[PDB]
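The structure appears right after this line, and notes come after that.
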Ligand SMILES: CCOP(=O)(O)OCC
Ligand SMILES: CCOP(=O)(O)OCC
Ligand SMILES: [Co+2]
Ligand SMILES: [Co+2]
Ligand SMILES: [Co+2]
Ligand SMILES: [Co+2]
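Laid out in structure tokens, this is it:
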């Protein structure tokens with residue numbers, strides 16, 4: 035009874051192979067509840083999510099961390115249903131993403147701290163489900179509100195021991211501004227993951243954050259566009279280029295600071311209409327891309343099996359553990 | 036028949052109707068995720084029930100809650116308060132000033148499907164159908180706001196359900212809204228140009244009323265630090281109320297819709313705004329029948345005209361045609 039999941043508290047050993055940055059549905063607050071037909075139906079979305087996590091479990095995955103926040107349309111009741119049906123542990127998230135509504139964006143740091151603490155200590159909505167991770171975001175230079183979210187995330191993390199994970203515009207080196215704000219609040223670097231870090235080839239930026247104790251979120255491995267709307271989100275860099283960054287950080291002695299994931303989803307309303315149809319053709323493996331296509335690739339390049347097992351099992355366990 | 040949060044009602048059951056009100060001004064999913072922001076869900080229900088009972092004792096029989104999906108409309112809350120207070124509440128579809136990513140990236144065809152499902156099928160999984168479409172512009176319409184107005188027009192034309200708007204009246208938004216609605220084939224009699232009491236430009240108001248539009252003089256009690269005087273304004277309630285008399289004197293009594301634009305919870309603004317609002321207007325939703333109606337009677341407006349504005353006009357507006 036260490037890590038909080040959508041099914042209740044589980045132990046460190048029960049976690050196993052863990053994908054640290056995933057989504058069941060990328061949406062907006064109240065959207066799935068108000069317009070389920072957008073995704074065909076709520077039943078069609080549940081079935082697509084259950085089939086996907088079952089194929090991921092058959093490939094080796096035992097736990098996924100759903101980093102969808104309130105404004106990313108997190109519906110913990112959906113997460114609970116798909117978790118139970120697929121028999122895969124799902125860790126829920128609190129925090130705020132890139133689309134906070136007026137009722138969230140006009141709040142103070144004290145109020146946001148109360149909201150984050152409520153979702154971790156009491157529960158999310160009326161479900162009783164407690165969050166086991168805090169997700170925050172910046173897209174370049176932090177807005178005055180985003181600074182308050184990062185400070186509230188840090189204050190909520192120090193009071194509960196629950197980790198913090200971030201969304202970044204990696205090419206603009208956001209991890210450094212996020213890191214500076216977290217440390218100004220007294221938050222330990224070992225409790226933070228700088229996500230979307232595989233969107234850049236700047237190894238100097240990655241190794242420096244890793245040297246301070248930060249976990250590097252190399253979470254968008256299958257995202258490649260090799265269509266203006268699809269190119270702007272997937273990027274023009276291959277999956278191999280993103281995957282070689284895992285090898286590059288191991289070679290420099292930072293195997294303990296790596297967190298790998300797919301940043302996959304089954305429903306996607308916070309982008310263009312038929313993006314889910316384009317995404318499932320680029321990567322038909324889905325969340326099963328890390329154990330099926332990325333792990334045997336790194337084995338062919340010379341990376342040992344024990345260090346890859348240390349990145350997928352030991353690192354997320356230490357990260358998700360309340361300390 | 037008009038759809039309410041408790042089901043369909045006849046034109047006669049509507050009675051004295053306030054056409055632009057809110058039980059709670061919030062954001063989508065907010066009340067469900069953070070009810071303690073309002074003290075508790077129970078505290079918000081209790082405040083709303085007492086406020087609606089005060090409105091009922093003053094003569095109000097129906098309120099039109101113009102809160103949209105993005106304004107945090109919770110029809111289950113509206114249903115609970117309507118039952119306890121014995122006041123009919125008409126719910127709304129449409130989009131307000133804060134659409135999230137999943138809404139702002141949608142096409143006109145997709146938004147039309149959404150507005151239609153809330154009117155024809157129901158809101159969420161509640162079975163409660165919307166009886167009005169709420170839209171918004173804050174100055175010149177953004178490309179997205181133009182799509183919302185067109186989708187609102189298409190939803191209205193397929194159902195007969197009316198359209199009510201939010202405007203930046205000082206910038207004369209009603210003229211552009213009118214042009215967009217008319218380009219879609221929407222009859223002016225199915226549209227209310229709201230927040231029209233935010234301007235003293237009578238020429239702009241009469242020009243729209245002459246074309247057949249309903250003029251929403253909906254923020255009568257809104258009068259005044266920085267955050268307070270920003271939305272409230274420097275003009276008195278009497279100046280806002282005299283716009284009702286000014287339009288009757290020009291022969292447009294049938295084109296007037298009056299309301300308070302009140303709320304019992306407000307999270308989509310600064311923290312203790314509710315404490316500021318409750319002292320500016322202690323009457324709440326009872327402001328229109330308790331203060332505005334006797335004021336207009338003192339100025340020479342007949343009771344038959346006032347009953348025409350508060351009972352006849354809203355009934356004709358809400359009735360699907
Ligand atoms: C996946 C949907 O959310 P996101 O990770 O912010 O999108 C960019 C990868
Ligand atoms: C919640 C009410 O929002 P609004 O009617 O746009 O503004 C009221 C002054
Ligand atoms: Co992200
Ligand atoms: Co993500
Ligand atoms: Co308005
Ligand atoms: Co309003």
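Residue numbers (PDB author numbering), protein chains in the order written: chain B, 35 to 260, 265 to 361; chain A, 36 to 259, 265 to 361.
Positions of the beta carbon are idealized from the N, C-alpha and C atoms, including for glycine.
{"Check": "Identify each residue in the segment 307 to 326 of chain A for which the Cβ-Cβ distance to at least one residue of chain B is less than 9 Å, and report them in chain order.", "Outcome": "307, 308, 309, 310 and 311"}
{"Check": "Between which two residues does the beta strand (DSSP E) containing residue 147 of chain B stretch?", "Outcome": "Taken as a continuous stretch (DSSP letters only), residue 147 of chain B belongs to no beta strand (DSSP E), being part of the alpha helix (DSSP H) at 143 to 155."}
{"Check": "My guess is that residue 105 of chain A and residue 138 of chain A are in contact by the Cβ rule of under 8 Å, so how many angstroms apart are they, rounded?", "Outcome": "7 Å"}
{"Check": "Please classify residue 295 of chain A as buried or exposed, where buried requires at least 16 neighbouring CB atoms within 10 angstroms.", "Outcome": "buried"}
{"Check": "Just verifying my parser: in three-state terms, what is the DSSP assignment at residue 259 of chain A?", "Outcome": "coil"}
{"Check": "Give the interface partners of residue 140 of chain A over in chain B, defined as CB-CB distance under 9 Å, in chain order.", "Outcome": "307, 308, 309, 310 and 311"}
{"Check": "For residue 169 of chain B, which three-state DSSP category applies?", "Outcome": "strand"}
{"Check": "To be precise: take each residue of the segment 61 to 85 of chain B, compare its Cβ to all Cβ atoms of chain A, and keep it if any distance is under 7 Å. Which residues remain?", "Outcome": "61, 62, 63, 64, 65, 67, 68, 69 and 71"}
{"Check": "Can you confirm whether residue 121 of chain B, when its beta carbon is compared against all beta carbons of chain A, has any partner nearer than 7 Å?", "Outcome": "no"}
{"Check": "Answer yes or no: the CB of residue 60 of chain A versus the heavy atoms of ligand 2, is any distance below 6 Å?", "Outcome": "yes"}
{"Check": "Return helix, strand or coil for residue 100 of chain A, following the three-state DSSP convention.", "Outcome": "strand"}
{"Check": "Can you name the residues of chain A whose CB is closer than 7 Å to the CB of residue 335 of chain B?", "Outcome": "Per Cβ cutoff of 7 Å: no residues; residue 335 of chain B is ~33 Å from chain A at best."}
{"Check": "Can you tell me whether DSSP reads residue 230 of chain A as helix, strand or coil?", "Outcome": "coil"}
{"Check": "Residues of chain A with a CB under 7 Å from the CB of residue 104 of chain B: which are they?", "Outcome": "64 and 68"}
{"Check": "From A:132, A:114 and A:133, pick the residue whose C-alpha is nearest to that of residue 124 of chain A; which is it?", "Outcome": "A:114"}
{"Check": "Are residue 355 of chain A and residue 46 of chain A touching if we call contact CB-CB under 7 Å?", "Outcome": "yes"}
{"Check": "Residues of chain B with a CB under 7 Å from the CB of residue 179 of chain A: which are they?", "Outcome": "None at all; the shortest Cβ gap to chain B is about 14 Å."}
{"Check": "Return yes when at least one heavy atom of ligand 8 lies under 6 Å from the C-beta of residue 318 of chain B, else no.", "Outcome": "Judged by which ligands are present, ligand 8 is missing from the structure shown, whose ligands are ligand 1, ligand 2, ligand 3, ligand 4, ligand 5 and ligand 6."}
{"Check": "Under 7 Å between beta-carbons, which chain A residues line up against residue 159 of chain B? List them in chain order, please.", "Outcome": "67 and 68"}
{"Check": "Mind checking who residue 298 of chain A pairs with in its DSSP beta bridge?", "Outcome": "A:252"}
{"Check": "Could you say if the segment 332 to 351 of chain A and the segment 240 to 250 of chain A meet the contact criterion of at least three C-beta pairs nearer than 8 Å?", "Outcome": "no"}
{"Check": "Taking 6 Å as the cut-off, is the CB of residue 301 of chain B close to at least one heavy atom of ligand 4?", "Outcome": "yes"}
{"Check": "Measuring only from the beta carbon, is residue 201 of chain B closer than 6 Å to any heavy atom that is part of ligand 3?", "Outcome": "yes"}
{"Check": "Between the C-alpha atoms of residue 327 of chain A and residue 343 of chain A, what's the straight-line distance to the nearest angstrom?", "Outcome": "17 Å"}
{"Check": "Give the residues of chain B in contact with residue 216 of chain A, contact being defined as C-beta atoms less than 7 Å apart.", "Outcome": "Here the premise fails: no neighbours, minimum Cβ distance about 24 Å."}
{"Check": "Among B:175, B:148, B:194 and B:199, which residue has its Cα nearest to the Cα of residue 56 of chain B?", "Outcome": "B:199"}
{"Check": "Is residue 217 of chain A helix, strand or coil when you go by DSSP?", "Outcome": "helix"}
{"Check": "Going by the C-beta, is residue 271 of chain A closer than 6 Å to any heavy atom of ligand 2?", "Outcome": "yes"}
{"Check": "Of the residues B:141, B:255 and B:249, which one's Cα is nearest the Cα of residue 329 of chain B?", "Outcome": "B:255"}
{"Check": "Of the residues A:64, A:287 and A:85, which one's Cα is nearest the Cα of residue 322 of chain A?", "Outcome": "A:85"}
{"Check": "Once the 5 residues before and after residue 283 of chain A are set aside, which same chain residues still bring their CB inside 6 Å of it?", "Outcome": "232 and 252"}
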